[PDB]
Each structure stands twice: as C-alpha cells, then as structure tokens.
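>>> can't give you the sequence, but here's the structure:
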C-alpha cells in the first residue's frame, strides 16, 4: 500500500506539471501545400495563422475557407494527440 | 437510501451518455471583423464551417485575414467550452 500511495502522489505531481507544460507547447498543421499554416497550443488555443497571398483571392473565397478549415482541424487533432501522448508518458 | 443511490447513479449515467452524444452535433458560432469572418464549431471543438466575406480578402493584406480568423476561431473554441460546461450543469 505504501508504494501505491507514492505512485499515485507521483502521478498527481506529474499531471499538475504536464498541465502547466501543455499551456505553451505547440503543434503545427498546414494545408494547400503550405499555403496555410496553423499553430495551436496544448490547450487548443490558436497561436498563429500564416496565409500565403496566392490563396487570398476575393473572387475565390471558397479556396481559402476550405484551406483554413482543413489546417485548423488538423492542428486541433495534433494538439489532442500531443496531450494523449503526454498523459500516456506519466501513466 | 441504497435504492435511491442506485436510481441517482443510473440517471447520472444515461444523462451523461445523452449529453455526450448531443454535444457532437450541437454548435456555437463566433464572428470577427464586423461579421466578416464567422466560425461554427461543435461541442467537441470540431470546426464545422468558416465563412469569409470578400471585403476582408486582399492579397496585399494577408495580416487582416490572419488576425480575424485567429480571433473568430479562438472565440468559437471558448464558446464551445462554455456550452459543454452549461450542458453538464443542467445534469448536475
């Protein structure tokens, strides 16, 4: 029972630390062969969005809509994945 | 005493199952640039739709668009978190 207590306590310390660490850790996704790039943190805050002017065309807003949507969703997916990895490492 | 605990725990169980299911399809919406960029996200923080008005689409000013998309997405994601909290409060 002693070693279980210490193990659970360690898991609790590790979890509080990884929570902090994940706030600033980031992932990156892009779409359109690098025309759109999205950086998200481990808390799923979008930190940055970079768009190349070649896909910015007021007569083809659907292109940019599609591209933003794909890169944002893939960035959010990667952030979920990073969180799971970090939790797996400490459990 | 025991019967009521069984009843309350079963209710909690089905309500939580139901709410999880409904949040997958329920959406929230957020806007920036005076309605120029509108983002729809689900209760699972999937982005469902982004609508961009051509008035903010200028290849000589990609920063305008970056800025409005970042704001709109971040606010949509925050509204998604708030809806999940709200739906859980209703079952607790």
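Noted; the coordinates are in hand. Numbering: from 1, shown residues only, chains lettered A, B, ... in the order given.
>>> count of residues packed around residue A:91?
Neighbour count for residue A:91, taken as other CB atoms under 10 Å in any protein chain shown: 7. C-beta: built from backbone N, CA, C; applies to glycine.
>>> so what's it closest to, chain neighbours aside?
For residue A:91, the nearest residue in space outside its immediate sequence neighbours is residue A:11; the separation is 6.6 Å by CB to CB, 6 or more residues apart in numbering or on different chains.
>>> hmm, who's touching the helix or strand containing the one you found?
For residue A:11, the enclosing helix or strand under DSSP states H and E is helix A:2-24. With CB atoms under 8 Å, 6 or more residues apart in numbering or on different chains as the contact definition, helix A:2-24 has outside contacts at A:41, A:42, A:43, A:82, A:83, A:86, A:87, A:90, A:91.
>>> helix or strand for residue A:37, which one?
strand A:36-41.
>>> quick check, nearest of the contacts of helix A:2-24 to chain B?
Comparing these against chain B with CB to the nearest CB picks out residue A:43 as the nearest, at 9.7 Å.
>>> How about the secondary structure of that closest one?
The three-state label for residue A:43, taken from DSSP: H, G, I helix; E, B strand; the rest coil, comes out as coil.
>>> For the closest residue in space to it that isn't next to it in sequence, grab the count of nearby residues.
Take residue A:43 and drop its neighbours on the chain: the residue closest to it by CB to CB, 6+ apart is residue A:23, 5.5 Å away. Per other CB under 10 Å, the neighbour tally for residue A:23 reads 10.
>>> what's residue A:41 in contact with, if anything?
Under the criterion of CB under 8 Å, 6+ apart, the neighbours of residue A:41 are A:22, A:23, A:24, A:25, A:26, A:27, A:47, A:79.
>>> Of those residues - the most surrounded one?
In terms of neighbour count, residue A:79 stands highest of those at 24 neighbours, by other CB under 10 Å.
>>> for the helix or strand hosting that one, which positions count as buried?
Residue A:79 is part of helix A:61-90, with elements assigned from DSSP H and E. Burial within helix A:61-90, assessed by neighbour count using 16 or more other CB atoms under 10 Å in any protein chain shown, is assigned to A:61, A:63-76, A:78-79, A:82-83, A:86.
>>> how about the residues of chain A near chain B?
A:44-46, A:48-54, A:56-59, A:61, A:64-65, A:68-69, A:72-73, A:76 (CB under 8 Å from any CB of the partner chain).
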